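In case you want the letters, here they are:
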Amino acid sequence: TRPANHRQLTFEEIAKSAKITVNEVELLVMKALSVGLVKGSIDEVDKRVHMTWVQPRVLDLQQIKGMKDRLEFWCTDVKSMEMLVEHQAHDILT
Amino acid sequence: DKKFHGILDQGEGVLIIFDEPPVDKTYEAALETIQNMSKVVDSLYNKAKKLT
Amino acid sequence: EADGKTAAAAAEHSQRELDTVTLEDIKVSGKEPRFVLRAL
Amino acid sequence: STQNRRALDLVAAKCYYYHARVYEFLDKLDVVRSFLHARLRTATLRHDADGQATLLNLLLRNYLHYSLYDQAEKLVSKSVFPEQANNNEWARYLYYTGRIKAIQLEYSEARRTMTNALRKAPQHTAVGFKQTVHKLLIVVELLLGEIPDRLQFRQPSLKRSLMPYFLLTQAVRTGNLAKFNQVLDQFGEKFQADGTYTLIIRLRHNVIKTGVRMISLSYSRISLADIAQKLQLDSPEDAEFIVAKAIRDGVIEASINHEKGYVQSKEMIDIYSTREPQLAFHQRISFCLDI
Amino acid sequence: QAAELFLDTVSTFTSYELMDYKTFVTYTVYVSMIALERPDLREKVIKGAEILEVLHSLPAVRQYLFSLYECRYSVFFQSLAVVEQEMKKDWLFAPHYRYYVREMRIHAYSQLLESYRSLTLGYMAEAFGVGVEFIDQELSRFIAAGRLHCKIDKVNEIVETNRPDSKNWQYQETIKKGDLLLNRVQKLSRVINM
Amino acid sequence: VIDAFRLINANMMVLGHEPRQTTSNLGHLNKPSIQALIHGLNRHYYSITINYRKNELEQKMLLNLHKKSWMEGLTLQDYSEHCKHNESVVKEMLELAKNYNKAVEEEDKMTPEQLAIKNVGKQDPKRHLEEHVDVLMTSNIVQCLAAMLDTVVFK
Amino acid sequence: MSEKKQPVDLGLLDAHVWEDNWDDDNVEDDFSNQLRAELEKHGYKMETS
Amino acid sequence: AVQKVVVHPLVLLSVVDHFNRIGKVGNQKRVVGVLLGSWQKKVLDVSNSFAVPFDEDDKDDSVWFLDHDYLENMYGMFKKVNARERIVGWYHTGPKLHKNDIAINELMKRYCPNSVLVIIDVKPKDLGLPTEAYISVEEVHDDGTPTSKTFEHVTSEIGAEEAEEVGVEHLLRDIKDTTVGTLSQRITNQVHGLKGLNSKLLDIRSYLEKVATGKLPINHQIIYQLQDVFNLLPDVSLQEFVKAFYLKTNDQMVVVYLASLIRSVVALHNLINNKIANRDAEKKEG
Amino acid sequence: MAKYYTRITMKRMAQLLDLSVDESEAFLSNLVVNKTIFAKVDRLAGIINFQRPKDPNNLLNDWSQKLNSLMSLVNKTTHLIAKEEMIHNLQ
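Counting of residues begins from 1 for each chain and follows its sequence as written, which need not mirror the entry numbering; any residue without coordinates is not displayed. As a convention, the first chain written is A and the first ligand written is 1, with the rest following in written order. Bear in mind that the chains are drawn from a larger assembly and that all values refer to what is shown. Side-chain measures were taken over the full set of non-hydrogen atoms in the model, leaving aside hydrogen atoms and water. Residues with missing side-chain atoms are left out of burial classes, side-chain pairs and their counts.

Trainee: Before we move on, can you summarise the overall build of chain A with the specific residues and values?
Mentor: Regarding its fold elements, chain A presents three helices and three strands. Ordering the α and β elements of chain A from the N terminus gives β-α-α-β-β-α. With the radius of gyration taken over C-alpha atoms, the globule rule is written as 2.2 Å times the number of residues to the power 0.38. Relative to a compact globule of 94 residues, whose C-alpha radius of gyration would be 12 Å, chain A shows 21 Å and is clearly more extended. Taken along the three principal axes of its C-alpha coordinates, chain A extends 65 × 35 × 20 Å. Only protein chains enter the accessibility calculation, which uses a 1.4 Å probe; a residue is then buried when its area is under 20% of its type maximum, exposed when over 50%, and partly exposed in between. When each of the 94 residues of chain A is scored for burial, the buried share is 23%. The contact criterion used throughout is that any non-hydrogen atoms of two residues lie within 4.5 Å. Taking all contacts inside chain A whose residues are at least 6 apart in sequence as the whole, residues at least 24 apart take part in 30%. Under the scheme used here, helices are H or I runs from DSSP no shorter than 4 residues and strands are E runs no shorter than 2 residues, and both carry numbers assigned from the N terminus.

Structure below.
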């Protein structure tokens, strides 16, 4: 769910969202890691975890419009960046 | 005696230990190439200033 | 060399003028009559 | 124009100098300055080299012989033309602008420009204006809160002339007004003869400034119940004010906790990680490629 | 150079100018104790037995050396005062009998202020020589001189080491020497090429 | 090195007839080598000029024949190892500077060509000094530029 | 070349052959004229307390 | 099996000659042929080739003709003049894959159990590389779809031989090249990089249109892969990564400064030599 | 736990090992002096700190690695695109 900017979260959030007591949550996430469906690390001294990669999932015909949207203006950035270096150094070799 | 490196604190008796950083290169070497060619420039004048 | 040649290389003449200025400061009655007697 | 290349390449340039000297030698200077203004104006149009260097220096010279405004000219002057100079005239132009900057209560950036002036003089034996520029440099650096340098006081060429200035700074460092008065009442004739008396007549306040600056560099966390105690200042209320002003103009970086009564100075380190060294290096790269 | 040349002590014939070989020994130990750092002082003039044999007849100088080496600063000043008074009434050393003291003091401080990083000042009240404010003012006047780099705080009466690092410095000297040479080359190009 | 020949006539050439007709400069552009003259080319046969005439499509190929994939261009060199190379060359500069000072000091002390003639064994430090530039440059420039670009084009 | 012509003038014209090699100016300034008897500076400080 | 394949120029010129010649026998838009080669340590080397008659009725799959006992006859005729080389695979000059070529491959595989396909597109319309390499495999499925027989990609490159690059270079009198050193770096590894990356992103861009009801989502597989792409790309250049970057930029430029300084001093030295030599000889010859 | 965790307190360790804190310390001491486990316990606050070496040159090694993987993956997607579009839109 969370945007890629964060994908970092505290014990309390999971503990409530899965309605399991906090002292269990460590083992839960360890299980998650061990079966190999999610990757990252745990930072117990402040009760936080970081989760850098997650199993792909199917998704619907409207969510992919988000993919096309992101990809389009990623694409334009490349052309923009090319114009600059192709121009300013024209005299070395155009 | 720098046999074992770290640091000491008197406030409460704590022996902080850390790994010493390297002392660099391509800086120590440059810092005397500069000197060497300064001497070169000085010696340029024995046949630059006088001969002209 | 300054006017016979392209009028930019009177720099050697310039330095000559610097040298002559310094020297003449440390350098005459007969030189002046002669000098003056140049006709051109 | 026809022989302007040669005629103004030299001969004219030095002529103006000697003709001006005559007048200074045993005469007035005024219609000379009017003539100089006119002759500068006729340059800057047909020609733009050495006709804008010798005239600028001479004109500013005679302005400074008296004590006029002397600044409204530099701003629009266009500066002594770069790209060409004899590197000699650059020296005295820098000296002039340095002085006119120092007298108008602009200290911090005067020292750097006049030091740049000094480093451009030749290796020649003449100590004509080297003594002058050194003397001015010492006196501006006794402002702010520094120490001039314990060298350039013993070198053979210049020593007799700097004697009173050493004897002055030897007092200012300890910071005891007694001896400072005993020096001034003794050599005031010399100083006013030097044409620099008024700068040193205001020096006592920068005396106290230098004292507090060295204190700032010594400690980090210190109570006001000692700053005035060890500076012979009896009141600890005005110590707040002198310290605050010193903070305002950038002498020391500390802050003050008015209720608490301690002064602490912040420490800012790790200048290697910032972008500024890249800039300092890029400038030199550009210069070397230019050479 | 004096401590660099007095290393011999093994070929010094019974020369006339230093009538006493013992005087030659005392002089060389005096200069060596200041010219060089801890690694060699621990290697050469303390692990050489000719000088040790000589010193065996010289209680005062031997005590003065071992005081510094073993960090018993309490007696270090006890010895340094006496060596100072012996320094004053001696020829070819009196002209700067003060200078020596003003040096050794500073060096002894750098002996101790290196091990710690947050030493309290009261620790020097009893361990280094009595007098708190005395240490206060000497430290204050020495810090501003650009040597003995540290920083003190009177409120809680504490000292902080203030370690510098091998990169800011290794950058500053680079930039200043570069500027100096660059000025040189600019001028030296200027005189040439008209 | 290619050549193409055809036999001269089976003599009956005492007539002094030329083997060929000429109505152009077009055949006399080239100098026959000594070797073929030794074996007698103009005595028994004659040479004919070779020419190439590439068509459009093959020459379009022939330039591609060295192109290398986009995958590589954006790739960075390792930063470690790179630093190692920098320190290697910088420490190699010293000896050349030291030698250069003497080489400056001693010249014009003897006749001019007797500089070079006496410098066939030992190297001349100018060139070796100069050609260690164009290794600090080029390398550092291109690495810093490539990193500086791709820091933008990906996220 | 090194003209150095100068309207500014020379201006002016020892018992100091004691050249201590170099400097000492900051050093002599440090102990300008006081805190002299360092022996007494210690001694009459250990009896103080 | 195979890890990489290497092609010699003689093959590429052969392909092009065949493509231009066919006009004397048909009107087709593709041609097909055999690759002779050898290999060792899973590195395959193709060296020579000959072309065999082929034909296809464009308007349908499954109706095509390929002449066995001409292939066998030529292979015999070649073997008699070079024993080094053996059937290895086949090539065709179409710009894109075709439906039936898996059914070509299952034929010609009877001549070599490992056979590899090389597409040699003869009319490029971009900056690029003229060859692609494919090998045949069987795919399982998680959807329970039956086992599928399908191609797989293999990395490729051009190679060279000293006896040929002399000829290639004798012939490469066409245009400029070799703008030495710093000139060639930035062109060859910045501009012609970015142009490629842009073309790839345009291709993905186009495909994600057809999924607007133009075509069925080919698999959740392709979507899982795309999600990996947009997840992996480097973290926002916003954290203490920045500090680590500045450090190296300083170190990278400092040595440049040094080298530039060296560069200037030599010019001054050369200047002086030119100056004195001139004036002296002048006064002398006067 | 060193394989999974990054930083961990004293008491959580003692609780998971079902033994006193002192025995935990003594037990891991000969482990770390054996060059078997890379740990750096800090007693004052009791925060064990596995796998925290840190480097200022490694960082952008990792960065360059991620870049290489991303370029390769974008390369590989297009082959799949092409061959799949082949079985639907040829005609």
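Okay, back to it.
Trainee: I'd love a proper account of the arrangement of the chains, names of residues and values included.
Mentor: Counting contacts across all 18 pairs of chains that touch, the top pair turns out to be chains F and H. Across the gap from chain A to chain B, with no contact made, the nearest C-alpha atoms are 21 Å apart. Of all C-alpha pairs spanning chain D and chain F, none lies closer than 12 Å, and the two are not in contact.

Trainee: Residues and numbers for a negative patch on the surface, please.
Mentor: Residues and elements named next belong to chain H. Nonpolar side chains (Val, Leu, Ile, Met, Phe, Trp, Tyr) are joined into patches within 5 Å and like charges within 9 Å, using only residues with over 30% relative accessible area and no salt bridge. The accessible surface values rely on the Shrake-Rupley method and a 1.4 Å probe; as for residues, cover is taken only from the protein chains in view. What counts as a salt bridge is simple: a side-chain nitrogen of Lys or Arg found within 4 Å of a carboxyl oxygen of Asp or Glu. Think of it this way: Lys and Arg go in the positive column, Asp and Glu in the negative one, and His and the chain ends go nowhere. The atom standing in for a charge is NZ when the residue is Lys, CZ when it is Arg, CG when it is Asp and CD when it is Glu. Where like charges cluster on the molecular surface, the negative patch consists of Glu161, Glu162, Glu165, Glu169 and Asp177. Summarising the element assignment, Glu161 is placed in the loop between β10 (156–158) and α4 (162–171). With relative accessibility at 30%, the residue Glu161 sits in the partly exposed group.

Trainee: Tell me what's going on with empty space enclosed by the protein, and back it up with residues and numbers.
Mentor: Definitions used for this entry: grid spacing 1 Å over protein atoms alone; cavity, a set of points where a 1.4 Å probe fits but cannot get out; pocket, an open set with protein on both sides within 12 Å along at least 5 of 7 lines; lining residue, one with an atom within 4 Å of a point. Grid points are joined across faces, edges and corners, and a volume is the space filled by probe spheres set on the points. Its boundaries defined by the atoms lining it, the largest cavity holds a volume of some 280 Å³. Every residue lining the largest cavity is counted, 19 residues in all, and those nearest its centre are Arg61, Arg92 and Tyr96 of chain D together with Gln6 and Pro7 of chain G. Breaking the lining of the largest cavity down by element, the ones donating at least two residues are α2 (12–26), α4 (54–65) and α5 (88–102) of chain D. Looking at the lining of the largest cavity element by element, the count peaks at six residues for α5 of chain D. When residue character is reported, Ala, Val, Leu, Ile, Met, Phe, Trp, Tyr, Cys and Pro are called nonpolar, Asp, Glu, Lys and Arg charged, and the others, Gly included, polar. Here the lining of the largest cavity is composed, by residue class, of nine nonpolar, four polar and six charged. What the second largest cavity holds in volume is close to 130 Å³. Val34, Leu66, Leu71, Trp90 and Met108 of chain H are, among the 13 residues lining the second largest cavity, the residues nearest its centre. Of all the secondary-structure elements, those providing two or more residues to the lining of the second largest cavity are β2 (32–40), β6 (86–92) and α3 (101–108) of chain H. Here the residues of the lining of the second largest cavity sort into 11 nonpolar, two polar and no charged.

Trainee: Now, about the interface of chain H and chain F: what can you tell me, with residues and values included?
Mentor: At the interface, 43 residues of chain H touch 40 residues of chain F. By definition, the buried area sums, over both parts, the 1.4 Å-probe accessible area that each loses when the two are put together. Across the chain H/chain F interface, buried area totals approximately 4,200 Å², and carbon plus sulfur atoms make up 72% of it. In this structure, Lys54 of chain F and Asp174 of chain H form a salt bridge, with 2.6 Å as the shortest nitrogen-oxygen distance. In protein, a polar contact means a hydrogen-donor-capable atom and an acceptor-capable atom, both N or O and within 3.5 Å, with residues adjacent in sequence counting only if both atoms are side-chain atoms; elsewhere, any N or O pair within 3.5 Å suffices. The tally of links from chain H across to chain F stands at six residue pairs in polar contact. For the side of chain H that touches chain F, the secondary-structure elements that each account for two or more residues are α1 (9–21), α4, α5 (182–210) and α7 (241–285) of chain H. Of the residues forming the side of chain H that touches chain F, the biggest block, 11 residues, is contributed by α5 of chain H. Looking at the side of chain H that touches chain F, its residues break down into 23 nonpolar, 14 polar and six charged.

Trainee: Give a detailed account of a nonpolar patch on the surface, specifying residues and quantitative values.
Mentor: Together, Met1, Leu16, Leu17 and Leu19 of chain I make up an exposed nonpolar region whose accessible area comes to about 310 Å². Relative to the assigned elements, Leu17 of chain I resides in helix α1 (residues 10–17).

Trainee: Which residues make up the interface of chain E and chain B, and what are the values?
Mentor: Chain E puts 20 residues into the contact, and the matching count from chain B is 18 residues. Here chain E packs against chain B, burying approximately 1,700 Å² in sum over the two surfaces, 63% of which is carbon and sulfur. Considering only the surface of chain E that becomes buried against chain B, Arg117, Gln170 and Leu181 of chain E emerge as the three largest contributors, covering 29% of it. Counting the contacts that link chain E with chain B gives three salt bridges. As a salt-bridge pair, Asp42 of chain B and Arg184 of chain E come within 2.7 Å of each other at their nearest N and O atoms. Taken together, the connections running from chain E to chain B amount to three residue pairs in polar contact. The biggest single contributor to the side of chain E that touches chain B is helix α10 (residues 168–191) of chain E, with eight residues. Taken together, the residues that form the side of chain E that touches chain B break down as seven nonpolar, six polar and seven charged.

Trainee: Requested: an account of the nonpolar core, with residues and values cited.
Mentor: Nonpolar side chains tend to gather and get buried jointly when the protein is soluble and globular. The nonpolar core is taken to be a set of buried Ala, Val, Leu, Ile, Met, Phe, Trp, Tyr and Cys residues, with the residues joined through side-chain atoms within 4.5 Å. Ranked by size, the top nonpolar core spans 32 residues in total, and within it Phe281 of chain D, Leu129 of chain F together with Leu261 and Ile262 of chain H carry the most contacts. Where this core is concerned, the elements lending two or more residues are α1 (30–44) of chain B, α14 (276–290) of chain D, α10 of chain E, α5 (79–106) of chain F together with α7 of chain H. Examining the composition of this core, we find that 10 residues originate from one element, α7 of chain H, more than from any other. Residue contacts for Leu129 of chain F: discarding those within four places in its chain leaves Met93, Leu96 and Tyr100 of chain F together with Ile262 of chain H.

Trainee: Account for the packing of helix α7 (residues 97–112) of chain E against helix α9 (residues 132–143) of chain E, with residues named and values stated.
Mentor: Residues and elements named next belong to chain E. For the pair α7 and α9, interaxial distance at closest approach is 12 Å and the crossing angle is 100 degrees. Taken together, the axis directions place α7 and α9 in an arrangement best described as roughly perpendicular. Residues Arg105, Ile106 and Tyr109 of α7 form the contact with α9, whose own contacting residues are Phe134, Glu138 and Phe142. Looking at the contact of α7 with α9 residue by residue, the classes come out as four nonpolar, no polar and two charged. Working convention: axes come from line fits to C-alpha atoms, limited for helices to the stretch in contact. Angles between N-to-C directions cover 0 to 180 degrees. Orientation labels follow simple angle bins: below 35 degrees gives roughly parallel, above 145 gives roughly antiparallel, 65 to 115 gives roughly perpendicular, and whatever is left gives oblique.

Trainee: Talk me through unusual backbone geometry; I want residue IDs and the actual numbers.
Mentor: All names here are of chain D. You will see that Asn87, though not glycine, has its phi angle at about 65 degrees, which is positive. With respect to the helices and strands, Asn87 occurs in the loop between α4 and α5. Looking at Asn87, the relative accessible area reads 12%, which means it is buried.

Trainee: Describe the environment of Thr161 of chain E, listing the residues and the values that go with them.
Mentor: Residue and element names in this part refer to chain E. Residue position: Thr161 is located in the loop between β2 (158–160) and α10. Note: C-alpha distance between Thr161 and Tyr116 (45 residues apart in sequence) is 7.4 Å. The contact partners of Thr161, leaving out residues within four places of it in the chain, are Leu113, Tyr116, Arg117, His149 and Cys150.

Trainee: Provide a residue-level description of the packing of aromatic side chains, including the pertinent values.
Mentor: In this scheme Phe, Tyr and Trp rings, the latter by its six-membered ring, pair at centre separations within 6.5 Å, and the angle between planes marks the pair as stacked below 30 degrees, edge-to-face above 60, and tilted otherwise. By the definition in use, this model includes 25 aromatic pairs over all chains. Between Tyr30 of chain E and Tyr64 of chain E, the ring centres sit 6.2 Å apart and the planes meet at 70 degrees, which makes this aromatic pair edge-to-face. You can see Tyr30 of chain E sitting in helix α2 (residues 21–35) and its partner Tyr64 of chain E sitting in helix α5 (residues 59–69), a full 34 residues away along the chain. Pair check on accessibility: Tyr30 of chain E and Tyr64 of chain E agree, each one buried. Seen from their ring centres, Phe77 of chain E and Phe128 of chain E are 5.1 Å apart, and the 80 degrees between their planes marks the pair as edge-to-face. Of this pair, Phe77 of chain E sits in helix α6 (residues 73–88) while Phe128 of chain E sits in the loop between α8 (122–127) and α9, placing them 51 residues apart in sequence. Here the two residues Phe77 of chain E and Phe128 of chain E agree in accessibility, since each one is buried. One aromatic cluster is present, formed by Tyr30, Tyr64, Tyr73, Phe76, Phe77, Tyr109, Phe128 and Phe142 of chain E through successive ring pairs. Charge-over-ring contacts are defined here by two conditions on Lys NZ or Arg CZ: a distance within 6 Å of the ring centre and an angle within 35 degrees of the ring normal. The ring of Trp53 of chain A carries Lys39 of chain A above its face, with NZ or CZ at 5.3 Å from the centroid.

Trainee: Give me the lowdown on the side chain of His92 of chain H, citing residues and values where you can.
Mentor: Residue and element names in this part refer to chain H. Mapped onto the elements, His92 comes out in strand β6. Residue classification places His92 among the buried residues on the basis of a relative accessible area of 1%. Setting aside its immediate chain neighbours within four residues, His92 contacts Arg30, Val31, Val32, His98, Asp101, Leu117, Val118, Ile119 and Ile120.

Trainee: Could you give an account of α6 of chain E, naming the residues involved and the relevant values?
Mentor: Residue and element names in this part refer to chain E. The length a helix should cover is 1.5 Å for every residue beyond the first. Compared with the 22 Å implied by 1.5 Å per residue over 16 residues, the 22 Å span of α6 between its first and last C-alpha is a close match. Of all the residues in α6, the buried ones are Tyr73, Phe76, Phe77, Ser79, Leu80, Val83, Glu84 and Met87. Here the buried residues of α6 occupy an arc of 165 degrees about the axis, which is enough to place them on one side. Of the exposed residues in α6, the ones pointing more than 90 degrees away from its buried face are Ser74, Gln78 and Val82. On the buried face of α6, the contacting elements are α2, α5, α7 and α8. Arc, as used here, means the arc of the directions from the helix axis to the C-beta atoms.

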